[PDB]
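**Student:** Quick one: this structure, given as structure tokens, is what I'll be asking you about.
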Number of protein chains: 10
Amino acid sequence: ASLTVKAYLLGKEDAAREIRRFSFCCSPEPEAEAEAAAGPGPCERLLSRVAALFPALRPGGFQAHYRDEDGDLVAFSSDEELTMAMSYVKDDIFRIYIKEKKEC
Amino acid sequence: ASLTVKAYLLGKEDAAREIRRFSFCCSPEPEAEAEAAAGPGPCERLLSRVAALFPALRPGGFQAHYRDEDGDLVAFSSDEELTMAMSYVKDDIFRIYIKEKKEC
Amino acid sequence: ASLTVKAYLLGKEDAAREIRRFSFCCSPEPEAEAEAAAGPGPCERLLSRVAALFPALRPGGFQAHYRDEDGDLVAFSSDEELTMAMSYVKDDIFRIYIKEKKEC
Amino acid sequence: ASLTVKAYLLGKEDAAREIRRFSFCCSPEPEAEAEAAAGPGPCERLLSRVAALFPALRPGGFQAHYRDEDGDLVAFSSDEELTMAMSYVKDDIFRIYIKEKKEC
Amino acid sequence: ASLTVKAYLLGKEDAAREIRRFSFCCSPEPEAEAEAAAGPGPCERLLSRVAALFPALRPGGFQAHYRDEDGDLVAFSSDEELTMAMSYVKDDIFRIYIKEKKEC
Amino acid sequence: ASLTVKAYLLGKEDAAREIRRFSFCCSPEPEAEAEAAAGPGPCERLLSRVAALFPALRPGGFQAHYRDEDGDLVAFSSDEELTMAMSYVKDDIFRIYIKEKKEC
Amino acid sequence: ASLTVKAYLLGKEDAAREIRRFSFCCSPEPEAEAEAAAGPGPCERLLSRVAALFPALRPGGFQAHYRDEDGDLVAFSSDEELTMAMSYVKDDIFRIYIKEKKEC
Amino acid sequence: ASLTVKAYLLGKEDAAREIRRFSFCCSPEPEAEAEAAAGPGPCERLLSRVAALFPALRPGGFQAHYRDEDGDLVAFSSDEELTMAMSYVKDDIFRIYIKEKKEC
Amino acid sequence: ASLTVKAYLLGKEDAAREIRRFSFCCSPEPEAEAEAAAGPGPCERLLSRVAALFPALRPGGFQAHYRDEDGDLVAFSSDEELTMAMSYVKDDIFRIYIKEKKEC
Amino acid sequence: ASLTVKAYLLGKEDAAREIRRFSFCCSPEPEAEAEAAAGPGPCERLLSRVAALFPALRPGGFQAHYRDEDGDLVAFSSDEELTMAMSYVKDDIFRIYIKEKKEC
């Protein structure tokens, strides 16, 4: 399941500041034997890869979102919630919206 | 009864700060024998799951609401009152509105 | 459980004089056999590490605090009370507030 | 009945000098058979635990209070009076106010 | 694989200020023996050549982009992402869009 | 790992008095054999080089800082803490903030 | 390497008081045999020539600066730091900013 | 599945001439045994009920529509197409748009 | 590959007369054994389904189109040309434009 | 060299009557050994494929054109002239204009 993720980085008034467009492999998985318990999570691997590409942000300091049917930026941080996020993929493009974690 | 809960987290002037959109299983229930008295309550399981998802709040320190026909944010904390809250579900989306418990 | 501790050292009017930001390993533990009774405590290892980093203070002469929901600097010195202190961690940052032990 | 007690230690002009925030188990009770007459009292177990945590005070030399509806620091020392003290719990936080027993 | 790169330098309101049009040799590579580990990267050689031509910018202080199918300026800085950038070449012209790295 | 350090020297109201901008080689290391135990530390080599450049300060009499995500000047003096300082590098610029050690 | 240096002399509120615009020969060097150890330094020859032109200042009593990408007046006094200063030359104009050394 | 149908009857320039607002029971179904093959269809029962309410139209002489995401009046006459029509229900209101079948 | 086809039926001045919006299963295929040579074609199954839904047209007497990047109604009748038609799908909606085959 | 050909079929007043948009493989060629002299020509394979797609025309009875820089429909029938036709490809779209061969 080759899945393209188009990571929007949002700015001041929720206008996009930098777009990245990488590829992601959620349903694919490594070798079918346990070298660990079971890897990282599918949302933990996503946020580890969004943090690796953008130079403007550091890992652990950003909140990834998506747009639902109402147009609202629904956040996601879990991997049982990333599966609800990915039911909104249009063609193969999973558009996420990155916002940084400021003061309050 | 698969039931989607869209948890709005309200901010300063009751504008939404973070939206979460999980799923909830009120009328479904576990195995039909008593390993306890009867579990937690259906409102106790809801507020335990809203607190588990949001990183911005800690359990016991938030008040969950809903909108009635007048547009008012009616609070709910009981499980005989959660049944009156859930008579306002529109399609299958049970929109709650989270507010934190500050000074006074 | 990698846990970041941001140690504020408070000054005259409870304004921060020096901030340190180390990492702490409370729930992790050494080898699963007894070379002693059971190590030091998880609060004894914390206050031994806060005293090791700051040159401005000496061990046994400082009181570590935290902020609760009311904004008050609740002190902690026990390890059954450090577990109540650590239920206020926000992302992974456990902010403590150090005050020195003066005359009276 | 898990019950959180936030022990304020009052100072010179009834300003708080040290806050402790422990947990207390009034309505819970041990094994349902008599190894004694009936334990200590529920107020005797409270004041034995407030004295155990604070290093700044010694047992038998402090007066625990609470705030009533008038804002007054009503003292309590009995266990038929601790039950009237605990009808002022707000969420699960039972705020007591400790004052030491000086000269006159 | 002779590949023409038309480097647009963007200005204030994303209007082009200076255009350069050089040639680039991504899939071609030097002698088939290791004088190093493996050269620079194919994106590192691109950004080293864009910085060499423009006198108006200095290396390390510019962000190269491209236009995707939506018309958005998708940035690229990696060499596993330059391969996704170069799937949008039209005839042999790989149009990149240079933006400088200002304050915030 | 070529790493640029931009040393701000702070003044009266934490306004910068002199900026220096040198280069630093933390992860690079000398010849792979022991002429000593293991050199100086990576934080000891940093503070020895900040003291060598500025004529306005003398070695052993300055405290180097950095800004975390909260905007606070977190100090660092150790080399297990310099590794946490250097997880805030933005492009390749590691901005430190120098303050001198006065009376009290 | 003919290199033009435009020496701004800054005044009260960092406004330019006198501009000089001379030429400088950093990478060029004299006869390829040692009449000395190796001349003066390339920063020592620069500050000896800035002091020779301006009548308003005397040698040893001025601090030469440059502007980095942030707009800050980064000072330089070394000749391993003048090489980092000269990576900001725009066409062939190396703009330095002179400030005199007053009381404190 | 109680489902409200708001039947707009369109006029000359696609302006609504009469609105009816009845209720419909698509996913509900009668007794679970075959008194026939399987009833009428779920679209045949809908158009039989729209024709029963409006006095201004006669059955077999009207075309029921719906609005898609583009704002276009997409017609439907089948019951495998009514299931695509009913994926646009907003709260529980299924707005259809009735147009009569004139000359050409 | 669930693929939605929105069939516009064009009228006199290429204005839409009736819209249908069905679903189509191009890349999906039946059981992996040959009961025939290989079914109908993927364009033959499309035009057999567009003719089945619209009552206003009869099979063999309509020309299906699509819009390319120039805005022109490019026709398609082959199944090696339907694969070029379907590279213009936007989200999952494959908009075709039906025109009937009149005199000349 | 994948090359898209957009075949316009011109009508009465040189307005397009049917557009086809196929793909063409001019510079690609079959197996590198002679089963014939050398295939058909690259213009003979083009006009054999334009005649295969359009049902409205028969092979040998149409004249293929292209637009030059003056906007004129320059015809081509040779394969040393098709190479001059294909120097006007814009992105990868080689727009030809088909006209039928009538009386005079």
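Residue numbering restarts at 1 for every chain of the structure tokens, chains are lettered A, B, ... in their displayed order, and ligands are numbered from 1 as they appear.
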Could you pull out the helix (DSSP H, G or I) residues of chain D from DSSP and send them as a list in words?
**Tutor:** residues 42, 43, 44, 45, 46, 47, 48, 49, 50, 51, 52, 53, 82, 83, 84, 85, 86, 87 and 88 of chain D
**Student:** With 10 Å as the cut-off and only C-alpha atoms counted, what is the closest atom pair between each nearby residue of chain G and chain E? Distances in Å to one decimal, ordered by chain and number, as JSON lines.
**Tutor:**
{"residue": "G:69", "atom": "CA", "partner": "E:102", "partner_atom": "CA", "distance": 7.5}
{"residue": "G:70", "atom": "CA", "partner": "E:103", "partner_atom": "CA", "distance": 6.4}
{"residue": "G:71", "atom": "CA", "partner": "E:103", "partner_atom": "CA", "distance": 8.9}
{"residue": "G:87", "atom": "CA", "partner": "E:58", "partner_atom": "CA", "distance": 7.9}
{"residue": "G:88", "atom": "CA", "partner": "E:58", "partner_atom": "CA", "distance": 7.4}
{"residue": "G:89", "atom": "CA", "partner": "E:58", "partner_atom": "CA", "distance": 9.0}
{"residue": "G:90", "atom": "CA", "partner": "E:56", "partner_atom": "CA", "distance": 6.8}
{"residue": "G:91", "atom": "CA", "partner": "E:55", "partner_atom": "CA", "distance": 6.8}
**Student:** List the spatial neighbours of range 20-30 of chain F as an MDAnalysis selection string - criterion: any atom at most 10 Å away, only C-alpha atoms, same-chain residues fewer than 6 positions off excluded.
**Tutor:** (chainID F and resid 1:9 38:39 41:43 45:46 49:50 53:54 82:83 86 92:96) or (chainID G and resid 65 68 73:77 80:81 84:85)
**Student:** Produce a file of the selected residues containing C-alpha atoms, as a compact mmCIF listing (two decimals), in the first residue's frame.
**Tutor:**
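What follows is the written file selection-v1.txt:
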# COMPACT_ATOMS: atom_id res chain seq x y z
CA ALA F 1 29.88 17.48 11.33
CA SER F 2 30.72 21.12 10.66
CA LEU F 3 28.67 23.11 13.18
CA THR F 4 28.47 26.90 13.36
CA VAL F 5 28.17 28.47 16.82
CA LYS F 6 26.86 32.04 17.02
CA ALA F 7 27.92 33.26 20.45
CA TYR F 8 25.74 36.10 21.73
CA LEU F 9 27.26 38.01 24.63
CA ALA F 38 40.06 11.06 26.07
CA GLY F 39 40.96 14.72 25.33
CA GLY F 41 35.11 17.10 26.87
CA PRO F 42 32.95 18.42 24.02
CA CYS F 43 31.59 21.08 26.36
CA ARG F 45 36.36 22.39 24.23
CA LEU F 46 33.40 24.67 23.50
CA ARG F 49 36.96 28.34 22.46
CA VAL F 50 34.31 30.89 23.48
CA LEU F 53 37.67 34.64 21.01
CA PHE F 54 35.99 37.24 23.21
CA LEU F 82 25.54 19.98 25.83
CA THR F 83 24.08 17.04 23.89
CA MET F 86 22.51 20.75 20.53
CA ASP F 92 23.62 24.47 11.34
CA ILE F 93 23.68 27.49 13.66
CA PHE F 94 23.96 26.70 17.37
CA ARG F 95 23.10 29.97 19.09
CA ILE F 96 24.51 30.25 22.60
CA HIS G 65 31.79 44.49 12.41
CA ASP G 68 25.13 38.41 8.98
CA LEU G 73 26.37 43.45 13.66
CA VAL G 74 28.67 40.49 14.24
CA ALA G 75 32.10 41.70 15.34
CA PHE G 76 35.39 40.27 14.12
CA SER G 77 38.92 40.74 15.40
CA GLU G 80 40.30 32.91 11.31
CA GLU G 81 37.09 34.89 11.86
CA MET G 84 33.92 33.79 8.01
CA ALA G 85 33.21 37.51 7.66
**Student:** In Å, rounded to a single decimal, give me how far CA of residue 51 in chain A is from CA of residue 97 in chain E.
**Tutor:**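 Value for the CA of residue 97 in chain E-CA of residue 51 in chain A distance: 23.1 Å.
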